[PDB]
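Trainee: Need coordinates for the below:
(chains A, B, C, D and E)
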Amino acid sequence: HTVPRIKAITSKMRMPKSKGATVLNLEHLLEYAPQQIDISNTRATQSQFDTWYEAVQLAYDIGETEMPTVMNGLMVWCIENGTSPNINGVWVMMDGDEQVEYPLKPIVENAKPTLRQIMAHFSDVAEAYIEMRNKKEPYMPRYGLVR
Amino acid sequence: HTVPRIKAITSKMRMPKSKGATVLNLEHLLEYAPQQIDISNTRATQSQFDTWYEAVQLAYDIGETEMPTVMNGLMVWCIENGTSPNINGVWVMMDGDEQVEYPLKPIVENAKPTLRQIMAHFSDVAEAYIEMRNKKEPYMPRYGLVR
Amino acid sequence: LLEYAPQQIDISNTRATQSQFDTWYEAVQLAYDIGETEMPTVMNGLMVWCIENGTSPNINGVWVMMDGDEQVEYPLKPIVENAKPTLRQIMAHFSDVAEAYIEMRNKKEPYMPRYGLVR
Amino acid sequence: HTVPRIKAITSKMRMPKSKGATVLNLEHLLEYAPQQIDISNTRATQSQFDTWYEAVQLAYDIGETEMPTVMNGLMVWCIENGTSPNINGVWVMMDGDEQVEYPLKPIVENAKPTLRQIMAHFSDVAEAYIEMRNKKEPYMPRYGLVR
Amino acid sequence: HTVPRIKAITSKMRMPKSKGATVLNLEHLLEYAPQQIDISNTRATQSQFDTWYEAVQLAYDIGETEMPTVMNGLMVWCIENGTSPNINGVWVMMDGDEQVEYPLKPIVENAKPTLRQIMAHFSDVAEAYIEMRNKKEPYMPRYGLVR
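Mentor: Numbering: from 1, shown residues only, chains lettered A, B, ... in the order given. Structure as follows:
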């Protein structure tokens, strides 16, 4: 009478075993549902990102409220330009009609494992930023996304 | 009258012979029916898997009940990412909204003949895990299965 | 010449010579250091292991035979080595038994091997 | 019926023989499983290390509880700098914001066969120390490890 | 009718001749089938090995039953380390958690033509010893085999 429903884990599926016991905790494996970007190696670890963030803030010698504005310009600068730039150089943020100079050594250095992975944390914001700008001008960046 | 039934081994089939005697024990060959994954070289040997399992547990210096939870995260981390990662790196397991860091040297090393073969022991569980997650989100991993 | 009617597998170079096969057989038995009655059971597992896997495996490795729910380890160096001219030709002696073994197993499960036959 | 199991030592393997008798005690050879770092010549012998340890402690004329703190600084000083320094010099340990001077003659001398081999006893601790520091700053030493 | 069988030595093969007579005793040449390791110069002669064996035993001044245990440790010490070590040094054998010191001068000296050739007598046992240890740990020696 009852229409059967199949389980996710059957009693026929071979679990990995070591010394006669299973090596996976299935009571918690089904519950364990992380996000695909939190456990991907294409993104720098949060410990590495916070290591980079306060290392750049201390190198630039700026406060905690001035720091987010720098990241706004650094994200946009990383949209037009690449994530493998010259370490002995500068990156520019606009203050209206006046360019503002920042050394590129504190940024390329202290970014582990790679600036690409550190900059990949801005990918969701970067995509939204381009689409907003693309709605008012033929904006297309030379070097892909911030990733 | 009787409808004949053909034997599996006829008296006309050439057995391998050495010094006049057959080299195969046919009395036990028909009974011998192993599983295709237990005698395949695409999977690491159980002796090698147990060698890897206690070598990782001892390197991480954790108990026997905490160990299965690590393998739950390591399997999922091996779904999104590959089985040939940087040995000088870390792999991440989520504890809710906080990443947990584990060295990737005890994992890539001590896995013989290859991490792929060691990780291939999770293939049946890995396929079920994706299909369960794929039923609630467009989940697709960059690097295939755990194999 | 008219009387001379050999079998097509006894004079084919896709199969190792009987002198070479017996050279391989006692060379593997002596290397494994096992008796004459235990030896055929090893060949039963080695044939099946050569159905799922290939005949060009890593010489620095092992091949597995099942003892129920326990794997049994055998070095693959005495097998790949001492097999002349090639393990393929040495293993080709099991082709008739290998075909029958698969068809028997295929009658109870969707059994299909990655690496063809034992040949 | 029985699936054979191969012995580690077969009755066909040529043992080294002198005057008709074997030169290896096989009853104890299988049991004899030392650690690869206890019988390696890249590490100074324990007799040599203890010879160096009390020779440095006596030369510095310090107690037994003050001595371990000196080795903490000497290990770190041997991470940034090499293990072949000038014997007519000093090595520095920090006491906060004040450098502390120690002669380098009692260290380079009395270390047999080489300071490198004597300092190689700290390799496991040295690797852990760098990885701990590398998690909070881009720490990389000029002269490799303490080895 | 008879299918011919070819001889190993035909009546057309040029034998080496001196003064009209052959220089090889073919009646015994076919029977003469030595082992490839007994007549190879990569291995020290048995006369040289026994010369080395009792020369080391007499130098160490130990009995005939204590001697095989020393060779067990010396073989393993020659797996991790090389066969060209400093003659003015020591080699270590483990007694559990206590190193045991042996001079390396009686070993490097009295070994003719070379310690390598003298130590090559342990090659078969050395290969088996590593494979046994490699089944329980990622054991790999710096300096190849005992050869």
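Trainee: how about the residue nearest the centre of chain A, what does it touch?
Mentor: Note on chain A: the residue nearest the mean C-alpha position is residue A:121, at 1.8 Å, using C-alpha atoms, centre = their mean. Residues near residue A:121 by C-beta atoms under 8 Å, 6 or more residues apart in numbering or on different chains: A:43, A:44, A:49. For the C-beta atoms, the positions are set from N, CA and C on the backbone; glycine is no exception.
Trainee: May I have the secondary structure class of it?
Mentor: Put simply, residue A:121 is helix when judged by DSSP: H, G, I helix; E, B strand; the rest coil.
Trainee: what's the distance between it and residue A:37?
Mentor: Distance, residue A:121 to residue A:37, using C-beta to C-beta, to the nearest Å: 9 Å.
Trainee: Which neighbours do the two have in common?
Mentor: In contact with both residue A:121 and residue A:37: residue A:43, using C-beta under 8 Å, 6+ apart.
Trainee: Go ahead and name everything in contact with stretch A:72-85.
Mentor: A:91-94, A:100, A:102, A:104, A:107-108, A:114-116, A:119, A:122, A:125-126, A:129-130, A:141-143, A:145-147.
Trainee: And it, what's buried?
Mentor: A:73, A:74, A:75, A:76, A:77, A:78, A:79, A:83, A:85 (16 or more other C-beta atoms under 10 Å in any protein chain shown).
Trainee: so which helix or strand takes in the first one?
Mentor: Read it as residue A:73. helix A:67-80 (DSSP states H and E).
Trainee: Toward the C-terminus, what is the element adjacent to that helix?
Mentor: Taking DSSP H and E, what comes next after helix A:67-80 is strand A:90-94.
Trainee: Next, the angle helix A:67-80 makes with that next one.
Mentor: On the basis of axes from the mean of the first three to the mean of the last three C-alpha atoms, to 10 degrees, strand A:90-94 is oriented at 110 degrees to helix A:67-80.
Trainee: how about strand A:90-94: buried residues?
Mentor: Buried residues in strand A:90-94, counting neighbours by 16+ other C-beta under 10 Å, are found at A:91, A:93.
Trainee: which other helices and strands contact that strand?
Mentor: Here strand A:90-94 touches helix A:67-80, strand A:99-103, going by 3 or more C-beta pairs under 8 Å, 6 or more residues apart in numbering or on different chains; DSSP states H and E.
Trainee: Residues in contact with it: which ones?
Mentor: Contacts of strand A:90-94 (C-beta under 8 Å, 6+ apart): A:70, A:72-74, A:76-77, A:81, A:85, A:99-104, A:107.
Trainee: Strands of chain A, start to end?
Mentor: A:17-18, A:21-22, A:90-94, A:99-103 (DSSP state E).
Trainee: Parallel or antiparallel, which strands does the first one pair with?
Mentor: Partners of strand A:17-18 in the sheet, by DSSP bridges, are strand A:21-22 (antiparallel).
Trainee: What are the contacting residues of the partner strand?
Mentor: So strand A:21-22 is contacted by A:15, A:16, B:68 (C-beta under 8 Å, 6+ apart).
Trainee: who wins for neighbours among those residues?
Mentor: Compared across those, residue A:16 has the highest neighbour count, 22 neighbours, by other C-beta atoms under 10 Å in any protein chain shown.
Trainee: How about the contacts made by that one?
Mentor: A:22, A:23, A:24, B:49, B:71, B:121, B:122, B:125.
Trainee: same thing but 10 Å
Mentor: A:22-24, B:46, B:49, B:53, B:68, B:71, B:75, B:118-125, B:146 (C-beta atoms under 10 Å, 6 or more residues apart in numbering or on different chains).
Trainee: roughly how far apart are the residue in chain A that chain E sits nearest to and chain D?
Mentor: Taking C-beta to the nearest C-beta, chain E has its nearest neighbour within chain A at residue A:19, 13.8 Å off. Separation of residue A:19 from chain D (C-beta to the nearest C-beta, to the nearest Å): 19 Å.
Trainee: need the contact list for the spatially closest residue to that residue that is not a sequence neighbour.
Mentor: In space, and not counting its chain neighbours, residue A:19 is closest to residue B:50: 6.2 Å by C-beta to C-beta, 6 or more residues apart in numbering or on different chains. Residue B:50 sits next to A:17, A:18, A:19, A:20, A:23, B:44, E:136 when contact means C-beta under 10 Å, 6+ apart.
Trainee: who touches the closest residue in space to residue A:122 that isn't next to it in sequence in this structure?
Mentor: In space, and not counting its chain neighbours, residue A:122 is closest to residue A:146: 4.4 Å by C-beta to C-beta, 6+ apart. Neighbour list for residue A:146: A:74-79, A:83, A:115-116, A:118-127, A:129-130 [criterion: C-beta under 10 Å, 6+ apart].
Trainee: what number of residues lie near the closest residue to residue A:88 other than its chain neighbours?
Mentor: In space, and not counting its chain neighbours, residue A:88 is closest to residue A:105: 6.9 Å by C-beta to C-beta, 6+ apart. Using other C-beta under 10 Å, residue A:105 is surrounded by 14 other residues.
Trainee: Isn't residue A:105 up against residue A:115?
Mentor: No. Counting by C-beta atoms under 10 Å, residue A:105 does not reach residue A:115; the two are 11.8 Å apart.
Trainee: Mutual contacts of these two, please.
Mentor: residue A:87.
Trainee: What lies in contact with stretch A:125-133?
Mentor: Taking C-beta under 10 Å, 6+ apart as the rule, stretch A:125-133 contacts A:71-72, A:75-76, A:78-79, A:119-120, A:122, A:139-141, A:144-147.
Trainee: out of those, what pair is the most spread apart?
Mentor: A:71 and A:140 (22.5 Å; C-beta to C-beta).
Trainee: Which of these two has more residues huddled nearby?
Mentor: Set residue A:71 next to residue A:140 and count neighbours by other C-beta under 10 Å: residue A:71 wins out with 16 against 9.
Trainee: List the contacts of that one.
Mentor: Contact analysis of residue A:71 by C-beta under 10 Å, 6+ apart lists A:53, A:56, A:57, A:78, A:93, A:122, A:125.
Trainee: contacting residues around residue A:106?
Mentor: A:52, A:55, A:56, A:57, A:58, A:59, A:60, A:87 are the contacts of residue A:106 under C-beta under 10 Å, 6+ apart.
Trainee: Quick check: of those residues, which lies closest to chain C?
Mentor: For the contacts of residue A:106, the nearest to chain C is residue A:52 (43.1 Å; C-beta to the nearest C-beta).
Trainee: what's the distance between that closest one and chain B?
Mentor: Counting by C-beta to the nearest C-beta - residue A:52 and chain B are separated by 15 Å.
Trainee: Kindly report the same for residue A:31.
Mentor: Applying C-beta to the nearest C-beta to residue A:31 and chain B gives a distance of 9 Å.
Trainee: same deal with residue A:7?
Mentor: 9 Å.
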